[PDB]
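Participant: no letters, just coordinates:
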DNA sequence: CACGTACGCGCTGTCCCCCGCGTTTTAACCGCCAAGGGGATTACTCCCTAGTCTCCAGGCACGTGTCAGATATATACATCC
DNA sequence: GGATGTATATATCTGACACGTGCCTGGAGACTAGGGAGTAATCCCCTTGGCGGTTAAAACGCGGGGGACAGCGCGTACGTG
């Protein structure tokens, strides 16, 4: 059976275990428990869906289908997570 | 200089140096013979105790004392491979490599030997895979090239002659220091080639320095003794004379002969003529694709054995080994080091990787194979190769024109920088006399710079190749998906899908998917199965659903039955590998021995599939291809019929698609069936393809070695039926073949009994 | 398209404080975003200060109170000094 | 020669705090952003700089979260971070509140 | 995936410091002067200054040619085997 | 007699600078209206220093026992190759 779907759904597992370990090494974490990665994936999904929902709202105010970087900058700016290096 | 502005803030001084040293962390830090490759195993460890206890399975400790394994060790030369045993090893590095070898090969070898559900096809493909593993491992024993020699002092051994030896399929990182005695007792031909390369008078330092002093080319009518080889043909000698005539005026060119004529032999002969006759024995660069590169290597080994041809692949250490052992005659000198090699063979990837170490070489000649890869001026290979300091370049291809005149303009700008100024495009819907004058100017401008030889002008034994365009009605599912996509119907497009993730970006791609098969879309099979096929899914209605879901597979099924009842083998080319999956599942549930090749298949299994399909005792009937894969090095001598399921935007891709079976030496009349959906997006795909074919027949095909008529033919729109039997106006006719098989007729009563018996036998035998 | 930025002014300020030090494009975009963000914060605070006092104009007093509110601590009092002297020079001149 | 458990982690801590490259691969992050975006509406195009800005936002947010998580784990007399440390930090910040 | 060992967790002792309660103090709270200034409105007058308009000119942005410092070779004198 | 390290001269990269040019946005000059500064009146709220009386809350002392913390074992889960 060669049947499979075109749309992939396990891309939250695309944030791999050594990526989360590198993130914690940048955060200064020495030892990591085995249950950390699923919680980190859920937290990343929640944060990403919040920012992307605001960016999509900013895009469809402008009657556009393309999410620009400035919409992401405004979406991060409204929640108090202002980002430099893309505003201009 | 001095800062004119300062800060009045009394902030403390902060050391911003983020550089760190792990010297204080050395308390837990640091302050070569081991098993690397296991090749073969033997069932007798020390002596044959008997043939008893041949049943059951052995464990790991049972296999620790029953088998001896062939070991290639660390930093060894594949000639010191030892037949060892677990108690004869002890505790060395790489023991778990032997453990993994033992458990993996022994457990599933005895599993496939002891299972009852084993077919003969699986055991013969694994046996031939084992034999190919055996002889590719045995190939490493043969030397291929001696790099350097030295006098090394052993443990109280005075002085010993040591040779740096490269092997056949290994690279320069695996080159080893070995004794001279067994090397000269193994293959003296490579040794005497090494001493022939030692006292070399064909070095680049002993080169002619022709500055507008090109000698007049006498048109030679015989193969010179400079090329040993076999014997050059009349057209090969004509190409040699043409290339030497073109080089005699200091002009570059394109060898645009069709594939199969031996362009590699011609350019190796021209390289040898430049080496010997004109005394231009300097550094030459040849950039070839990686897949066809052994086919260049044996050509340099056979036709020009005296040349110092070197090969350039590998990781960083192998390329470093080539760089500081074989580039320079005097590599230890700090001054300007002269070259030692004559011809350097490389690929595009190492051009883009090592442009800094290869651009600072005064190249005398350049030969780029498959020049259509260079068809884009903005591609990074164009700036990688155009910045090289090369006096004379040459491009080898088969298709100089693919899509538009800008490709030819980029090619002639790579050849002649600034001399050619092709800027105007070709408008087919203009019919102007000045456009025909421009076409004739483009003809007469590149007459001496382009040499083409067709496969019908030479080797007058080729069977004719006929292509037929078949236009078939769409199904109702295809029609409703087409009108849902084109008149966007997101509520109807989701419908019964739980996810609802239908993406209507790339509308033309979705229209091509709808024209090919409705099952390409997500959540589309179950709507057909539950509503018309009754959803039982009992091995019989699914084949009927795949047959009747698309309007192309009814004609494909009729063609497969007709070629099954005759003595023919068929290849099917597709643009998308998901349609290849659809056809592969259809042929798997049909009961037809099929083979497949696409980009996901690695090269070893591709070689297995080609050798299994080209075998004289092959039970395979149909071979599926992705269109743009494998290059031109794929061998399909046993094929007869080519079915183009999906038409490409580039007609040269389709030309190389049905040219896989239509090469030199075919014993049967090659017939091509093109499957086209009616009144869909593929009709303008064929319009653009025929416009590009008209363009190639105008400029390229009429300038080898009625223009208004072919322009009017290209300007106009185009839009015993499956018989396997039989100037540019031909092969463009549309045969609207739509027999419209019935859904009930889609299943065959004769096959239905076999399918029901197979289902009853699978239910009785469970599994 | 003439795209507005604060490029040359930040560059000449950099040449004032470090005459032999260059700068990259990403750092320049970060500096531009910083200047725009600080200008937006101070202007919004001054607009709120004008709105709470029923004043329809924005003068140097609103910007001074906005600097004293937003910029924390000693950075405020030196910034207040630097601005205040400049207004004095500009009055002497215009 | 084997290393003590902990000095390699300290070496990666001192290494990854010096360099500033993105610690998440580009293509899985693009696939995750597109999958998260496609449920709000279908047919969404993305600029490369938008996905990059989302990437550095996720980097900064998750690195700050692991600093707070490490402080929670150190406060609980541990050197191993746990999901209870993560949920404790988010609450004191107000994300779970 | 295999190994191995460090650390999270459970248990026990111990001592110490916080909690509960009773008793004594004490200041918060509410209600009082005693006059005087600060500040919110209402109304009025005046005048300075910022918006608005017209016109012009040079600052900024882009593009391009050159130019001085940094880098990579070309050839000649001194030197080892 | 062959091979090797150092020294001045020329071609190429490379960011910075002089010149050119457009154009558009900021500046100069004049005019006007209105926003804000200033004045006076009226009345309520706040300030600083006192007083008297209630009384509930705060302060203090002491027993004791519950909980924080240290030590030890263990086994497993995570680090490492």
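Facilitator: All right, it came through fine. Residues are numbered from 1 along each chain as shown, chains lettered A, B, ... in the order given.

Participant: contacts (any at all) between DNA strand E and the longest helix along chain A?
Facilitator: Identified as the longest helix of chain A according to DSSP state H is helix A:36-61. No. Looking at helix A:36-61 against DNA strand E by C-beta under 7 Å from any atom of the strand, there are no contacts, and the closest approach is 12.3 Å. (Each C-beta comes from the backbone N, C-alpha and C, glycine too.)

Participant: and that helix with chain D, contact?
Facilitator: Yes. Interface with chain D: helix A:36-61 contributes A:36, A:39-40, A:43-45, A:47-49, A:51-53, A:55-56, A:60 (C-beta under 8 Å from any C-beta of the partner chain).

Participant: and that helix, what does it pack onto?
Facilitator: Packed against helix A:36-61 by the contact rule (3 or more C-beta pairs under 8 Å, 6 or more residues apart in numbering or on different chains; DSSP states H and E) you find helix A:17-26, strand A:66-67, helix A:69-78, helix D:26-37, helix D:48-75, helix D:83-93.

Participant: how far off centre is the third one?
Facilitator: The reference is to helix A:69-78. With C-alpha atoms, centre = their mean, to the nearest Å as the basis, helix A:69-78 stands 13 Å off its chain's centre.

Participant: list the buried residues of it.
Facilitator: The neighbour-count check on helix A:69-78 (16 or more other C-beta atoms under 10 Å in any protein chain shown) flags A:69-76 as buried.

Participant: between these, which is nearest chain B?
Facilitator: Chain B has its nearest neighbour among the buried residues of helix A:69-78 in residue A:71, at 18.4 Å by C-beta to the nearest C-beta.

Participant: do I have it right that residue B:499 meets residue D:38?
Facilitator: No. Counting by C-beta atoms under 8 Å, residue B:499 does not reach residue D:38; the two are 9.5 Å apart.

Participant: who has more neighbours, the two?
Facilitator: residue D:38 (18 against 13; other C-beta atoms under 10 Å in any protein chain shown).

Participant: chain neighbours aside, what residue packs nearest to that one?
Facilitator: Leaving aside its sequence neighbours, residue D:38 sits nearest to residue B:501 (C-beta to C-beta, 6 or more residues apart in numbering or on different chains; 5.9 Å).

Participant: pretty sure that neighbour sits in a helix.
Facilitator: No. Read with DSSP: H, G, I helix; E, B strand; the rest coil, residue B:501 is coil and lies in no helix.

Participant: burial of it, as a residue count?
Facilitator: Neighbours of residue B:501 using other C-beta under 10 Å come to 17.

Participant: could you pull out the helices for chain C?
Facilitator: Going by DSSP H, chain C shows helices at C:7-17, C:25-52, C:60-70, C:74-93.

Participant: what is the longest one packed up against?
Facilitator: With contacts defined as 3+ C-beta pairs under 8 Å, 6+ apart, helix C:25-52 has these neighbours: helix C:7-17, helix C:60-70.

Participant: can you redo these as CSV with distance to DNA strand F and mean neighbour count?
Facilitator: Output for those, formatted as CSV (distance: least, C-beta to the nearest atom of the strand, whole Å; neighbours: other C-beta atoms under 10 Å in any protein chain shown):
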stretch, distance to DNA strand F, mean neighbour count
helix C:7-17, 9, 13
helix C:60-70, 8, 17
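
Participant: relative to chain B, which of the ones you listed is closest?
Facilitator: Minimum separation from chain B across the helices and strands packed on helix C:25-52 (C-beta to the nearest C-beta) falls at helix C:7-17, 4.3 Å.

Participant: in stretch B:529-540, what's buried?
Facilitator: So, applying 16+ other C-beta under 10 Å, buried residues of stretch B:529-540: B:529, B:532-533, B:540.

Participant: so which of those residues sit within helices?
Facilitator: Applying DSSP H to the buried residues of stretch B:529-540, the entries found in helices are residue B:529.

Participant: what's the closest of the buried residues of stretch B:529-540 to residue B:433?
Facilitator: residue B:532 (59.2 Å; C-beta to C-beta).

Participant: what sits against that closest one?
Facilitator: By C-beta atoms under 8 Å, 6 or more residues apart in numbering or on different chains, the contact set of residue B:532 is residue B:743.

Participant: what ranges does the stretch 301-450 of chain B have for its helices?
Facilitator: Here the stretch 301-450 of chain B has its helices, by DSSP state H, counting those that start in this stretch, at B:316-325, B:348-353, B:355-358, B:380-386, B:405-415, B:433-445.

Participant: enumerate the residues of chain D near DNA strand F.
Facilitator: Residues of chain D found near DNA strand F (C-beta under 7 Å from any atom of the strand) are D:2-9, D:80.
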